[PDB]
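# Pasting an experimental structure with its sequence.
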Amino acid sequence: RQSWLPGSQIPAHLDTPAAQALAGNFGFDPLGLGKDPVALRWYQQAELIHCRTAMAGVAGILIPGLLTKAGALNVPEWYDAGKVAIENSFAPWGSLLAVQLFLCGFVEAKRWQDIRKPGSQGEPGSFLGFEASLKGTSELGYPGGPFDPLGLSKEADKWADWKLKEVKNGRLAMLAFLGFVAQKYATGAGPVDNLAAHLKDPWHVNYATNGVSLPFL
Amino acid sequence: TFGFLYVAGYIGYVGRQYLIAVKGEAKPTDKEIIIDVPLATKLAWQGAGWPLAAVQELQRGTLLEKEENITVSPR
Amino acid sequence: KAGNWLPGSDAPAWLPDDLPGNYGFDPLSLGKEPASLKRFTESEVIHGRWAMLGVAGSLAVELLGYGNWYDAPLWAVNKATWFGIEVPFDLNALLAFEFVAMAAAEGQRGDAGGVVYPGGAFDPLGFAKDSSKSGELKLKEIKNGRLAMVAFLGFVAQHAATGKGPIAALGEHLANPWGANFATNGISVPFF
Amino acid sequence: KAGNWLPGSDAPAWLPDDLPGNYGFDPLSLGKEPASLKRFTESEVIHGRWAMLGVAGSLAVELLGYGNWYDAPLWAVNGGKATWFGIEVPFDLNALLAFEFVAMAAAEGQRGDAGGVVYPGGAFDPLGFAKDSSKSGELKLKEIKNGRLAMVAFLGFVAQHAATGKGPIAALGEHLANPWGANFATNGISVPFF
Amino acid sequence: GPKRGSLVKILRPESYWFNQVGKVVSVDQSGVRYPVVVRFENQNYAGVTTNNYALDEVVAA
């Protein structure tokens, strides 16, 4: 099957009904960190979290920064946008900080209790009407109701397809964020500008030429 | 201090890894003297995730030996 | 079901036909549990009635020339007047009275289990003494309640965008629909 | 249990359902022994009642314009004369001290004379509101709830004053003026690195 | 009693392999007070790797 490395052997725990049935498996586990079932399940959830968060972040970086290259939508650099926003704001940053901590903490605790017991927050009467749709959809990391409103989880055909594309694009978004911050440390410039420069001359616009990544040269 | 503790836990963990691997053998003394070069290299490569592995085994409580080790007669 | 909420579609199983305001509309399957469902029925009716009464008062004010719904709090949160007639009382007094009164009323409503049609004292003229005309009444009632909700939404959104009275924006769109609209406002949708 | 203290969780075995103020809340398993448990029940109720009465008096003072709870000792532990309801008290500080002490001594001695009673009634319910055995149950539930609330309210008072130094009503109107400007985070004392 | 070659845990406190496991070589069917014959893999401070035992001092584990 599609392997992260042909010829090489497949990790046993990765070569399992659950794992190969999880998503996007390629036998990629050199250090063998998901031999425990609970562990690999936790890591699957973790990878999901990171995928989605990174997708969101890279979108919020590029699209506004992309259209600021366009005439409209004058937005600052992403890293300075924090300063820009706290300037243009009204509430103190520590305040709004603590508030959003409360907010995220509650729902994160929800996700937590549900991972502990899939039928945990379905506890009837615990909320007024939540429990009904607040139950999982038999796949931890795939809730229902408000989650998937349009009802795209019902058609099994495109199911694994959505899944594979999800995990793919999420990992790629992680990598995108990493490249952005890395070239912000090295080049110090916005990623769009880094791209423009590498377009103007790839032969001389690269980490090979930065003398930063590879200083021994 | 942080770098020190990192490398130290790494080395200790991989030591116990090889130790368990060779305790799972029929010639414990002979593997204690002559070593399995490739298994050593493998555990060395894998030993980076020693802290995450250890905390996993703790949450599973599989690190420590149960109350069956030899005791002295007066305990 | 008062008609197919969606031509060509089907109906939710847990949704029974015998219900005013039903059209088969729960694509997203919230009320599938019975107690939750009946609670939704009750709350839906209650909100619709509240909103009906509210839009009624708003239009009454704006037609009798007392500003708008948005105008009302002004005199107080910065003297009272109603029907053009003042009210010789304190803001805090009206606040406390209103609060305790609504407290008692809602407590007494919620004292009962889930009643939605008490009647008797709640139908002095006995218009619910028919059990079928009452059915049509329920249907038209929930319809009108939903309409009153959406009407209030229109009011509050037109004011959040423009800041004007509903009658104001009314006569505006009357003067020119092509010039008096959210698109011409360009606020509801930015890239216009 | 008045409801799941933790949706999705379970309940402690030694914790029986038949208890006001129960929600399944003892994750840390302190009251697992019976006598200790019932002692905790009693003490919990007693502390809640004390705190209820206390926050009552505090708010009464601060609403009737006599400083705050923190204001009260001032006149006595420094130069000054007693005053209550705006009315002075023509007595000595040491006198009030001794009287209060011996009185509370007698009262607590008489309370602790009994075994572990929490609901004497009779003389302790002259109006006989406990003559129902079920309304009394709801009374116990709401009672322990309100007592816990009064405890936490007193904590809020004392902590706001240890940080700011102001009356609870003072910090009230402050947060009313601006919540984004009147808060422990804006105070930055409850949390230093702000 | 236990079978030959079977694995038993030693419980005789004064034994080197106390609180440990051994392998039943055999068990006598005569009136010997200690018929269980149990080898060991680690040697004692005497170097011996097998000792005699009554039935109770061992347990099939």
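Looks like it arrived, so ask away. Residues are numbered from 1 along each chain as shown, chains lettered A, B, ... in the order given.

# can you tell me how far residue E:52 sits from chain B?
20 Å (Cβ to the nearest Cβ, to the nearest Å). Every C-beta, even on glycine, is put in place using the N, C-alpha and C of the backbone.

# Report whether the expected contact of residue B:47 with residue B:16 is present.
No. Judged on Cβ atoms under 8 Å, residue B:47 makes no contact with residue B:16 at a distance of 10.0 Å.

# So which of these two has more stuff around it?
residue B:47 (19 against 15; other Cβ atoms under 10 Å in any protein chain shown).

# for chain C, longest helix please?
helix C:34-64 (DSSP state H).

# Identify the residue of chain E closest to chain B, quick one.
Nearest to chain B, among the residues of chain E, is residue E:19, at 4.8 Å (Cβ to the nearest Cβ).

# What of chain C?
residue C:33 (35.7 Å).

# Skip the chain neighbours and tell me the closest residue to that residue.
Nearest residue to residue C:33, sequence neighbours excluded (Cβ to Cβ, 6 or more residues apart in numbering or on different chains): residue A:132, at 4.7 Å.

# Next up, the contacts around the one you found.
Counting by Cβ atoms under 8 Å, 6 or more residues apart in numbering or on different chains, residue A:132 touches A:145, C:30, C:32, C:33, C:36.

# Can you say which of these are buried?
C:30, C:33, C:36 (16 or more other Cβ atoms under 10 Å in any protein chain shown).

# Next, the contact list for the last one, please.
I take that to be residue C:36. A:128, A:129, A:132, C:30.

# The first one - how many residues pack around it?
Right, the one you point to is residue A:128. Neighbours of residue A:128 (other Cβ under 10 Å): 9.

# So it belongs to a helix, correct?
No. Going by DSSP: H, G, I helix; E, B strand; the rest coil, the assignment for residue A:128 is coil, not a helix.

# any idea how far residue C:40 is from it?
Distance, residue A:128 to residue C:40, using Cβ to Cβ, to the nearest Å: 10 Å.

# for the second one, same thing?
Counting by Cβ to Cβ, the separation of residue A:129 from residue C:40 is 7 Å.

# now the third one
Between residue A:132 and residue C:40 the computed distance is 11 Å (Cβ to Cβ).

# ok, the buried ones among the contacts of residue A:132 vs residue E:31, which is closest?
Checking the buried ones among the contacts of residue A:132 against residue E:31 by Cβ to Cβ gives residue C:33 as the nearest, at 75.8 Å.

# Which helix or strand contains the spatially most central residue of chain A?
In chain A, the residue lying closest to the centroid (Cα atoms, centre = their mean) is residue A:51, at 2.3 Å. Here residue A:51 sits within helix A:37-69, counting by DSSP states H and E.

# for the closest residue to residue A:119 other than its chain neighbours, what are its contacts?
Distance criterion Cβ to Cβ, 6+ apart; nearest residue to residue A:119, sequence neighbours excluded, is residue A:135 at 6.5 Å. Taking Cβ under 8 Å, 6+ apart, we find residue A:135 in contact with A:118, A:119, A:121, A:122, A:144.

# Distance to residue E:39 and secondary structure added to the residues you listed, as CSV?
Supplementary listing: these in CSV, determined by distance: Cβ to Cβ, whole Å; DSSP: H, G, I helix; E, B strand; the rest coil:
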residue, distance to residue E:39, secondary structure
A:118, 51, coil
A:119, 53, coil
A:121, 58, coil
A:122, 58, coil
A:144, 62, coil
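
# from those, which would you call buried?
Of the contacts of residue A:135, these count as buried by 16+ other Cβ under 10 Å: A:118, A:121, A:122, A:144.

# wouldn't residue B:10 be in contact with residue B:48 here?
Yes. Applying Cβ under 8 Å, one finds residue B:10 in contact with residue B:48, separated by 7.0 Å.

# what about whatever residue of chain B ends up closest to chain D, neighbour count?
Across chain B, no residue is closer to chain D than residue B:59, which sits at 17.5 Å (Cβ to the nearest Cβ). Residues lying near residue B:59 (other Cβ under 10 Å) number 13.

# can you list contacts of stretch E:7-20?
So stretch E:7-20 is in contact with B:68-71, B:73, E:2, E:21-24, E:36, E:38, E:40, E:42, E:44-46, E:48, E:51, E:53, E:56-61, going by Cβ under 8 Å, 6+ apart.

# now these: which count as buried?
Counted by 16+ other Cβ under 10 Å, those give E:2, E:21, E:22, E:23, E:24, E:36, E:38, E:40, E:51, E:53, E:57, E:58 as buried.

# wait, what's in contact with the first one?
By Cβ under 8 Å, 6+ apart, the contact set of residue E:2 is E:8, E:24, E:27, E:36, E:55, E:58, E:60.
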